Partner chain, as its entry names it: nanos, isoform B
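Just one chain follows, in the form solved without its partner chain, and it is written as structure tokens.
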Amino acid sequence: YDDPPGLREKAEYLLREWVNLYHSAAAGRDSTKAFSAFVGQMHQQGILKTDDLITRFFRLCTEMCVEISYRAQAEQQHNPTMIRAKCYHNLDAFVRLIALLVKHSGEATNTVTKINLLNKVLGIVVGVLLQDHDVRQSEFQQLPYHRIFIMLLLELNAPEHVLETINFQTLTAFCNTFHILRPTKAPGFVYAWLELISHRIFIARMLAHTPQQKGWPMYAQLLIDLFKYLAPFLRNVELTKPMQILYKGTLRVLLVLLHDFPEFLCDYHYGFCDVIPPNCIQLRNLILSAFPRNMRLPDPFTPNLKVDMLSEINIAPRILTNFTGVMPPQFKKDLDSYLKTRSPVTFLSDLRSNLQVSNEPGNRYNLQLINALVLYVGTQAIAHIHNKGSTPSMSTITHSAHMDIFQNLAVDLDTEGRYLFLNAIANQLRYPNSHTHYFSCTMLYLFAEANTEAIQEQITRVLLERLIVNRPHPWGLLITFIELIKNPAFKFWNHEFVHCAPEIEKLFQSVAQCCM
């Protein structure tokens, strides 16, 4: 190798001595004298002399811990949670060593060298992990690295002054490490990775502990990594059973975030919906049903509910995603041009020309571009109406460039395109806000102004499929559906697709059981 001779023996001796100390000494003066003596001895053995020697020290320690894990598993299999307790014996010892070396690195006020040491060690561990993954392949075990990472995270999130002065930077280091170990880059570690990013304490420290919400974008990045990895598997229905574990983990963390951090799921709903395939009704529903806890949703079954007279209706939701960038510059320019001047009309056929990418069934369109187009046209419409001195309604969103785009997409797109379009609209049907209201009115208008029953039945089936899911449900979705069914102006029950079919009746019964 490239290691200096005799270093392995030094590292072995030191690691074993430290394990012994760790499992012999109690908290108090004993732990401090033990760590001080051990550090002194580290200086004596000339391991802290150069950065390289430190690197090789941590690397050798990691490798030895891992090999102890493997050997322990083997010895277990040969001789019929205790083995777990051995692996974790050595691993927890080493972790304690790392945390202590980070905590007491340099001065008490000098946080720089502490964080640098933390990122150094984490990097080394990452290297060992990736190497082990590339070599062992199928025999690779996630457990030791998982243990190291989570126990180090827990140790460094202790209620101590020095540790609290560097907490956010610690969390930053761990976020970077988790991002580098993303399942698209380290597939053999995806389960442990999911366990690490969906750990309750990590989530707590990321989404609550830090002010200014600087932790929200990072965790959002982690979740987006997860969804990006899961998308092609979740999209194929034949992989439902083998993906049960990861799906249930994702469902779990989404449930956690829903019940305890709904604001976060609100602020980043668009990116998540953008990455998660449209067939995953449940997860997406968890993401869309989220609403700020300082808001009280009125009962959708309230006798004659005045939606337009709600206070939060005129307020716009916060979107922390740059959906505009998905649009090409020239297309965006032509879009703004037509929105400003309502000319020329050819721009609409050109719209279908711009949204479609392939002729292959299922992969004909650019989903992100459709979502972005819908949301952008919607927001521009809301702003336009607001600038005219009025609020969006059934008679204020009509006969304009925006609605021209909407109706044209509603007729000129094929069934697939229409589905993606209607879904792109439905993704904004959430808690009382300007987007929810505008897109509700847009959906209902598209239903009413329709010249054929195709798009009507399609809308109905979209709402239906989005409603058949465990409680809760997005407010605007249920509101839109209820308004469509109850308001005699839309004459819903006089149509043919609902008159004959007992299938859509079954769907209606399911919706009645889930939402009513």
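Residue numbers count along the first chain shown, from 1.
Here the subject shifts to the form solved in complex with its partner chain, a form of this protein not shown in this document.
Per the 4.5 Å heavy atom criterion, its partner chain in the deposited complex is contacted by stretch 96-104, the sole one of 342-350, 390-398, 404-412, 96-104. Contact check for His386: every heavy atom lies farther than 4.5 Å from its partner chain in the deposited complex.
In the deposited complex, no heavy atom of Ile479 sits within 4.5 Å of its partner chain. The closest non-hydrogen atom of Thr113 lies within 4.5 Å of its partner chain in the deposited complex.
Within this chain, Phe35 lines the site of its partner chain in the deposited complex, having a heavy atom no more than 4.5 Å away.
Distance criterion of 4.5 Å from any heavy atom to its partner chain in the deposited complex singles out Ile54 from the list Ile54, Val66, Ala450, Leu60. Put simply, of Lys120, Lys332, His179, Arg71 only one has a heavy atom within 4.5 Å of its partner chain in the deposited complex, and it is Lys120.
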